[PDB]
Amino acid sequence: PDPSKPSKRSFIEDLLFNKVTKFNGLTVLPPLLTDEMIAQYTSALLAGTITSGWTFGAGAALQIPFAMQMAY
Amino acid sequence: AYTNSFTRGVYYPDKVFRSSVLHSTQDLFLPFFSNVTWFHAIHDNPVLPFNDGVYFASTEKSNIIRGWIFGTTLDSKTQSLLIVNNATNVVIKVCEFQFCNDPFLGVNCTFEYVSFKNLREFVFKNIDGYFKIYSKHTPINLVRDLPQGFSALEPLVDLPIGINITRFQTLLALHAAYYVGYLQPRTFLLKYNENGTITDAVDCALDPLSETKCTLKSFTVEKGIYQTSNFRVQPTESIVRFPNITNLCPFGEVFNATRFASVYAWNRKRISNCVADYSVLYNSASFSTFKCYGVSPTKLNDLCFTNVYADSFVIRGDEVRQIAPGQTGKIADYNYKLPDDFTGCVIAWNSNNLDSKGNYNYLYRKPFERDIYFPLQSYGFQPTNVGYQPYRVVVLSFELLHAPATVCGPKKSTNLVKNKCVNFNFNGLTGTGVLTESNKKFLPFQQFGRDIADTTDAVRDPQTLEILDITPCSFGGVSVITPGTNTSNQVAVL
Amino acid sequence: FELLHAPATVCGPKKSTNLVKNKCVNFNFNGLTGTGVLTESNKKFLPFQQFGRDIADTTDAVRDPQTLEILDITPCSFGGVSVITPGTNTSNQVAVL
Amino acid sequence: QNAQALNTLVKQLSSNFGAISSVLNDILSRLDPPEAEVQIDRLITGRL
Ligand SMILES: *[C@@H]1O[C@H](CO)[C@@H](O)[C@H](O)[C@H]1NC(C)=O
Ligand SMILES: *[C@@H]1O[C@H](CO)[C@@H](O)[C@H](O)[C@H]1NC(C)=O
């Protein structure tokens, strides 16, 4: 995530969002999870993946040096 | 004085048996928790409106209330339904009764019949001339007001009186409070039990949880959010716009013409830049026929046209039937053809007392074609010839294409109101929405704009040539956020 | 003419027949027809009710117009047939469900 | 695909389906109920 943005999305996520683009009883409902909330979930999944490998999936997020994580 | 109707004033709506079912019905019921007028009989028998119908209820300890009067004037000038219960004999009459200045009971007829501790509930409604009576008697122990609770009323009587009832009055026995509540077209959900007795009810338009019970067909509602309705804003007033022209259309010059043309060479007169009052032609009894294939003849007063053409000629009486879309024959095919998509009205009357003599000036031989051993034949019309008599026929062809309307009927315009939800009519084109100023540059020949759905997008005001945008008044789904009814009856609305 | 399902006061010149219970029969009650088994019932119709109805708006029960008792209408037993067959190439014998 | 589905649905409102007009108000403003109902049923069937 980029802290300088109005919505804390990563550089790559912004690229993705910038590429994908009545009165007759037809309306559109909003999603329950807003783009900001989705960004928070992908951020959590990413932060977990980077700092704790797969341990956060099974149980607690257990810190591990990234280089060691790669060794596994 | 007023009281709370609560859950009283529901009746078995039909002679259909049901049980263990949450059935739903629309009929003239008393709306739940609405106010009913409370009258007293101590130390009060006014005339009340009947409106669309009445729930009546009374509380007794000594049988003071013994009857009812229904009618418009209740003074021997009209027929008035009278119901009286004296000791053990119920009496029903519908005579033109002479009632007292103040009717009471001391301690040209078309129908006659002869047979607090007590609550006696009744329902009166007057549907296509039928006076339908439902009632229920139940023991009570309450003096102050109507008891709270539920128990439905059976139908007992249905009198085909044919009386126009607008007012009613009660009859008291003088040496017992009563209530009058107006019925309304409210849909209900009704809990028929195992015995088939309605044991609970939910008025649909009471509150958003009641809408949710009406939508789910259930007296119990689970925790969630439910799309019970669509909220749509209503209009306030209507807006009627037509070109402010006072010229009248020369129909007299067509229908009362000295001479009609022959069918081989029929005339076509253009009617434009005028007010067309079609009530005169329709109401006139002089016509043998006035048959419309395009639009109904009574709508012609509101509706208006880009042009109207009057096709005027003489035919033989039995041939009147051939002047219609979809018809074929020696006249329909050879001398006077209409489009099979023809829009308009064919008007005809005999001229046996005008053109007939013999009169040999009438000759006969694509749609609207004028075709000016020969194919040419003629009639000798004589006053002694019905199917062989001459008829004067005028066909009125109406062009309803959406374009500037030159022929608009006798209807007054109103002022135009902007930025408010309104019911509009522009040159016969109607709809509901918000009229606003616009920046849509209509070309001088354009009168209406359209959207993808072919609905009207914008219009040009026919009196002042400015463009108004039409945006439908704000609307959207309602939804009712509710915990389970096991936890609460409180709800929130989206 | 008022044809609403309610007790019929005006009925034309047609003779009635005897009523047979617990058998599949073609019935006509005051002009209302159908086919099924008429049985005794415990459905307490109110005095003003003449016909009962099911969810499908079909008749559930009726009040006999001559003797005011309630008869239940249950359609006569029915179901899919199915033919159990080893292929004709194997044999022309079959069994029926 | 979803935009196309909605655009198709809206465009269908312009169809007559055998009626004299796709515009419901134009049927009602021109015909009495005994005839208007027939034209409307044609639109209801098509729109439904
Ligand atoms: C009923 O009457 C009371 C006054 O006693 C008033 O406040 C209330 O708004 C009225 N309700 C309705 C639905 O008319
Ligand atoms: C139905 O009536 C019976 C009495 O016949 C009564 O006991 C019962 O509580 C009533 N309610 C039902 C079962 O619908």
# chains A, B, ... in the order shown; residues from 1 in each chain; ligands from 1
>>> residues_near_ligand(ligand="ligand 2", cutoff="6 Å", atoms="only C-alpha atoms and all ligand atoms", output="tab-separated table (two decimals) with C-alpha atoms, in the first residue's frame")
chain	number	residue	atom	x	y	z
B	193	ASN	CA	-55.87	-21.49	12.44
B	194	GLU	CA	-56.65	-25.29	12.42
B	195	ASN	CA	-60.42	-24.57	13.00
>>> residues_near_ligand(ligand="ligand 1", cutoff="10 Å", atoms="only C-alpha atoms and all ligand atoms", output="VMD selection string")
chain B and resid 1 to 4 31 to 37
>>> write_last_selection(atoms="N, CA, C and O atoms", output="compact mmCIF listing (two decimals), in the first residue's frame")
# COMPACT_ATOMS: atom_id res chain seq x y z
N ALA B 1 -64.46 13.35 20.67
CA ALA B 1 -63.63 12.30 21.24
C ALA B 1 -63.26 11.27 20.17
O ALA B 1 -64.06 11.02 19.26
N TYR B 2 -62.06 10.70 20.29
CA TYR B 2 -61.53 9.67 19.40
C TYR B 2 -60.89 8.55 20.18
O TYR B 2 -60.38 8.77 21.28
N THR B 3 -60.89 7.35 19.61
CA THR B 3 -60.15 6.26 20.21
C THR B 3 -59.32 5.49 19.18
O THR B 3 -59.39 5.74 17.98
N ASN B 4 -58.56 4.54 19.70
CA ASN B 4 -57.66 3.68 18.96
C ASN B 4 -58.38 2.41 18.51
O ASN B 4 -58.88 1.65 19.34
N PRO B 31 -58.27 0.43 8.77
CA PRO B 31 -56.81 0.43 8.92
C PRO B 31 -56.39 0.26 10.38
O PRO B 31 -56.90 0.95 11.25
N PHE B 32 -55.42 -0.61 10.66
CA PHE B 32 -54.99 -0.86 12.04
C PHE B 32 -54.38 0.37 12.73
O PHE B 32 -53.68 1.18 12.12
N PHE B 33 -54.66 0.50 14.03
CA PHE B 33 -54.27 1.60 14.92
C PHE B 33 -54.62 3.01 14.41
O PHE B 33 -54.10 3.99 14.93
N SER B 34 -55.52 3.15 13.43
CA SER B 34 -56.13 4.44 13.06
C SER B 34 -57.14 4.93 14.12
O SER B 34 -57.58 4.16 14.98
N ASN B 35 -57.52 6.21 14.08
CA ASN B 35 -58.52 6.76 14.99
C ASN B 35 -59.96 6.50 14.49
O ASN B 35 -60.23 6.64 13.30
N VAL B 36 -60.89 6.21 15.40
CA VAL B 36 -62.34 6.13 15.12
C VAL B 36 -63.10 7.11 16.01
O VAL B 36 -62.71 7.30 17.17
N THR B 37 -64.16 7.75 15.51
CA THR B 37 -64.82 8.76 16.30
C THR B 37 -65.65 8.11 17.38
O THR B 37 -66.38 7.16 17.13
>>> atom_distance(atom1="atom CA of residue B:257", atom2="atom CA of residue B:281")
14.7 Å
>>> residues_around(residues="stretch 46-58 of chain C", least_positions_apart="6", cutoff="7 Å", atoms="only C-alpha atoms", output="PyMOL selection string")
(chain B and resi 15-18) or (chain C and resi 5-7)
>>> residues_around(residues="residue B:41", least_positions_apart="6", cutoff="9 Å", atoms="only C-alpha atoms", output="tab-separated table (two decimals) with N, CA, C and O atoms, in the first residue's frame")
chain	number	residue	atom	x	y	z
B	64	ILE	N	-79.35	-0.17	24.22
B	64	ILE	CA	-79.79	1.17	23.85
B	64	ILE	C	-79.74	1.41	22.35
B	64	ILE	O	-80.62	2.06	21.79
B	172	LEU	N	-81.14	5.49	18.81
B	172	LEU	CA	-81.00	5.18	20.23
B	172	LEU	C	-82.34	5.05	20.94
B	172	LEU	O	-83.28	5.79	20.62
B	176	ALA	N	-74.32	3.93	26.49
B	176	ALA	CA	-74.10	3.10	25.30
B	176	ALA	C	-73.37	3.90	24.22
B	176	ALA	O	-73.99	4.42	23.28
B	177	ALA	N	-72.05	3.96	24.36
B	177	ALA	CA	-71.15	4.61	23.41
B	177	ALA	C	-71.03	3.80	22.13
B	177	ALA	O	-71.21	2.57	22.14
B	178	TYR	N	-70.71	4.48	21.06
B	178	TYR	CA	-70.48	3.79	19.80
B	178	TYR	C	-69.38	4.46	19.02
B	178	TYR	O	-69.01	5.60	19.30
>>> closest_atom_pairs(of="chain B", to="chain C", cutoff="12 Å", atoms="only C-alpha atoms", output="CSV")
residue,atom,partner,partner_atom,distance
B:12,CA,C:49,CA,10.1
B:13,CA,C:49,CA,10.9
B:14,CA,C:49,CA,8.0
B:15,CA,C:49,CA,4.2
B:16,CA,C:52,CA,4.9
B:17,CA,C:52,CA,4.2
B:18,CA,C:52,CA,6.5
B:19,CA,C:43,CA,9.0
B:20,CA,C:54,CA,11.2
B:21,CA,C:55,CA,9.0
B:22,CA,C:55,CA,10.7
B:23,CA,C:55,CA,9.3
B:24,CA,C:55,CA,11.7
B:134,CA,C:48,CA,11.0
B:153,CA,C:46,CA,11.2
B:154,CA,C:48,CA,7.7
B:155,CA,C:48,CA,7.1
B:156,CA,C:48,CA,7.5
B:157,CA,C:48,CA,9.9
B:158,CA,C:48,CA,11.5
B:193,CA,C:44,CA,11.8
B:194,CA,C:43,CA,9.3
B:195,CA,C:44,CA,6.7
B:196,CA,C:44,CA,7.6
B:197,CA,C:46,CA,9.3
>>> write_last_selection(atoms="N, CA, C and O atoms", output="mmCIF file, in the first residue's frame")
data_model
loop_
_atom_site.group_PDB
_atom_site.id
_atom_site.type_symbol
_atom_site.label_atom_id
_atom_site.label_comp_id
_atom_site.auth_asym_id
_atom_site.auth_seq_id
_atom_site.Cartn_x
_atom_site.Cartn_y
_atom_site.Cartn_z
ATOM 1 N N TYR B 12 -64.210 -11.971 7.735
ATOM 2 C CA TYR B 12 -63.976 -13.047 6.774
ATOM 3 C C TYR B 12 -64.356 -12.553 5.375
ATOM 4 O O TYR B 12 -65.526 -12.241 5.136
ATOM 5 N N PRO B 13 -63.395 -12.389 4.452
ATOM 6 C CA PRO B 13 -63.618 -11.595 3.249
ATOM 7 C C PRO B 13 -64.450 -12.324 2.184
ATOM 8 O O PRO B 13 -64.965 -11.678 1.272
ATOM 9 N N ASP B 14 -64.585 -13.651 2.267
ATOM 10 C CA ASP B 14 -65.271 -14.486 1.278
ATOM 11 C C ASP B 14 -65.893 -15.745 1.902
ATOM 12 O O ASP B 14 -65.501 -16.186 2.982
ATOM 13 N N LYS B 15 -66.794 -16.404 1.165
ATOM 14 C CA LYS B 15 -67.443 -17.661 1.630
ATOM 15 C C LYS B 15 -66.550 -18.837 1.212
ATOM 16 O O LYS B 15 -67.110 -19.848 0.741
ATOM 17 N N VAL B 16 -65.224 -18.718 1.381
ATOM 18 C CA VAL B 16 -64.236 -19.779 1.027
ATOM 19 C C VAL B 16 -63.614 -20.260 2.339
ATOM 20 O O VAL B 16 -63.093 -19.400 3.077
ATOM 21 N N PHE B 17 -63.661 -21.563 2.624
ATOM 22 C CA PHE B 17 -63.095 -22.141 3.871
ATOM 23 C C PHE B 17 -61.580 -22.298 3.716
ATOM 24 O O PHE B 17 -61.157 -22.782 2.647
ATOM 25 N N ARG B 18 -60.798 -21.897 4.724
ATOM 26 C CA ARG B 18 -59.317 -22.032 4.727
ATOM 27 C C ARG B 18 -58.890 -22.439 6.136
ATOM 28 O O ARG B 18 -59.666 -22.139 7.057
ATOM 29 N N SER B 19 -57.736 -23.096 6.308
ATOM 30 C CA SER B 19 -57.213 -23.448 7.635
ATOM 31 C C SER B 19 -55.704 -23.668 7.626
ATOM 32 O O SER B 19 -55.133 -24.085 6.619
ATOM 33 N N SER B 20 -55.059 -23.396 8.759
ATOM 34 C CA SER B 20 -53.601 -23.482 8.956
ATOM 35 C C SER B 20 -52.767 -22.749 7.881
ATOM 36 O O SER B 20 -51.667 -23.186 7.546
ATOM 37 N N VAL B 21 -53.284 -21.659 7.303
ATOM 38 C CA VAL B 21 -52.688 -20.929 6.169
ATOM 39 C C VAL B 21 -52.601 -19.437 6.448
ATOM 40 O O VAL B 21 -53.522 -18.843 7.001
ATOM 41 N N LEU B 22 -51.496 -18.813 6.041
ATOM 42 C CA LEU B 22 -51.292 -17.373 6.134
ATOM 43 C C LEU B 22 -51.717 -16.749 4.805
ATOM 44 O O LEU B 22 -50.902 -16.372 3.973
ATOM 45 N N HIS B 23 -53.021 -16.706 4.571
ATOM 46 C CA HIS B 23 -53.599 -16.142 3.352
ATOM 47 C C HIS B 23 -53.599 -14.611 3.372
ATOM 48 O O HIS B 23 -53.717 -14.000 4.424
ATOM 49 N N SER B 24 -53.507 -13.972 2.210
ATOM 50 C CA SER B 24 -53.509 -12.515 2.087
ATOM 51 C C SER B 24 -54.619 -12.013 1.166
ATOM 52 O O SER B 24 -54.935 -12.647 0.161
ATOM 53 N N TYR B 134 -71.562 -7.297 7.733
ATOM 54 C CA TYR B 134 -70.813 -8.281 8.520
ATOM 55 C C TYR B 134 -70.957 -7.896 9.985
ATOM 56 O O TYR B 134 -71.054 -6.705 10.271
ATOM 57 N N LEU B 153 -65.205 -11.006 11.912
ATOM 58 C CA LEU B 153 -66.657 -10.956 11.694
ATOM 59 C C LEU B 153 -67.094 -11.776 10.465
ATOM 60 O O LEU B 153 -66.587 -11.567 9.365
ATOM 61 N N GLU B 154 -68.068 -12.665 10.613
ATOM 62 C CA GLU B 154 -68.786 -13.289 9.497
ATOM 63 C C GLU B 154 -69.710 -12.311 8.727
ATOM 64 O O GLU B 154 -70.280 -11.391 9.322
ATOM 65 N N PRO B 155 -69.911 -12.504 7.407
ATOM 66 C CA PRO B 155 -70.994 -11.865 6.671
ATOM 67 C C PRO B 155 -72.344 -12.480 7.048
ATOM 68 O O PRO B 155 -72.492 -13.703 7.066
ATOM 69 N N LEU B 156 -73.348 -11.636 7.302
ATOM 70 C CA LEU B 156 -74.705 -12.091 7.639
ATOM 71 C C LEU B 156 -75.745 -11.749 6.571
ATOM 72 O O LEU B 156 -76.561 -12.611 6.255
ATOM 73 N N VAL B 157 -75.739 -10.525 6.024
ATOM 74 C CA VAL B 157 -76.778 -10.030 5.131
ATOM 75 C C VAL B 157 -76.205 -9.317 3.915
ATOM 76 O O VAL B 157 -75.174 -8.656 4.001
ATOM 77 N N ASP B 158 -76.882 -9.406 2.778
ATOM 78 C CA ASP B 158 -76.478 -8.739 1.549
ATOM 79 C C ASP B 158 -77.728 -8.228 0.824
ATOM 80 O O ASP B 158 -78.446 -9.012 0.202
ATOM 81 N N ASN B 193 -56.326 -20.393 11.587
ATOM 82 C CA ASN B 193 -55.875 -21.489 12.444
ATOM 83 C C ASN B 193 -56.396 -22.861 11.970
ATOM 84 O O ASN B 193 -56.996 -22.989 10.902
ATOM 85 N N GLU B 194 -56.202 -23.916 12.777
ATOM 86 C CA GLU B 194 -56.649 -25.295 12.424
ATOM 87 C C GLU B 194 -58.171 -25.318 12.239
ATOM 88 O O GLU B 194 -58.626 -25.993 11.295
ATOM 89 N N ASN B 195 -58.933 -24.615 13.084
ATOM 90 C CA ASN B 195 -60.419 -24.573 13.000
ATOM 91 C C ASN B 195 -60.839 -23.684 11.825
ATOM 92 O O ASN B 195 -62.040 -23.709 11.493
ATOM 93 N N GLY B 196 -59.915 -22.916 11.233
ATOM 94 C CA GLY B 196 -60.209 -22.019 10.099
ATOM 95 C C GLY B 196 -60.654 -20.655 10.584
ATOM 96 O O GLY B 196 -61.079 -19.850 9.735
ATOM 97 N N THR B 197 -60.579 -20.399 11.892
ATOM 98 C CA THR B 197 -60.933 -19.090 12.497
ATOM 99 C C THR B 197 -59.729 -18.156 12.333
ATOM 100 O O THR B 197 -58.652 -18.564 12.752
#
>>> interface_residues(of="chain B", to="chain A", cutoff="10 Å", atoms="only C-alpha atoms", output="VMD selection string")
chain B and resid 230 452 to 453 455 471 to 477
>>> residues_around(residues="stretch 41-54 of chain A", least_positions_apart="2", cutoff="7 Å", atoms="only C-alpha atoms", output="PyMOL selection string")
chain A and resi 1+37-39+56-58+61-64+66+69
>>> atom_distance(atom1="atom CA of residue B:73", atom2="atom CA of residue B:47")
9.7 Å
>>> residues_around(residues="stretch 16-30 of chain D", least_positions_apart="2", cutoff="7 Å", atoms="only C-alpha atoms", output="JSON, numbers by chain")
{"B": [295, 296, 299, 303, 429, 430, 431], "D": [13, 14, 32, 36, 39, 42, 43, 46]}
>>> select_by_dssp(residues="stretch 4-152 of chain B", states="strand (DSSP E or B)", output="VMD selection string")
chain B and resid 4 11 16 to 17 21 to 29 35 to 39 47 to 49 54 to 60 65 to 71 81 to 86 89 to 93 105 to 106 112 to 114 118 to 127 130 to 139
>>> closest_residue(among="D:44, D:10, D:37, D:3", to="chain A", atoms="only C-alpha atoms")
D:10
>>> residues_around(residues="residue C:39", least_positions_apart="4", cutoff="10 Å", atoms="only C-alpha atoms", output="list in words")
residues 20, 21, 22, 23, 61, 70, 71, 72, 73 and 74 of chain C
>>> atom_distance(atom1="atom CA of residue B:491", atom2="atom CA of residue B:6")
19.9 Å
>>> closest_residue(among="A:21, A:7, A:67, A:72", to="chain D", atoms="only C-alpha atoms")
A:21
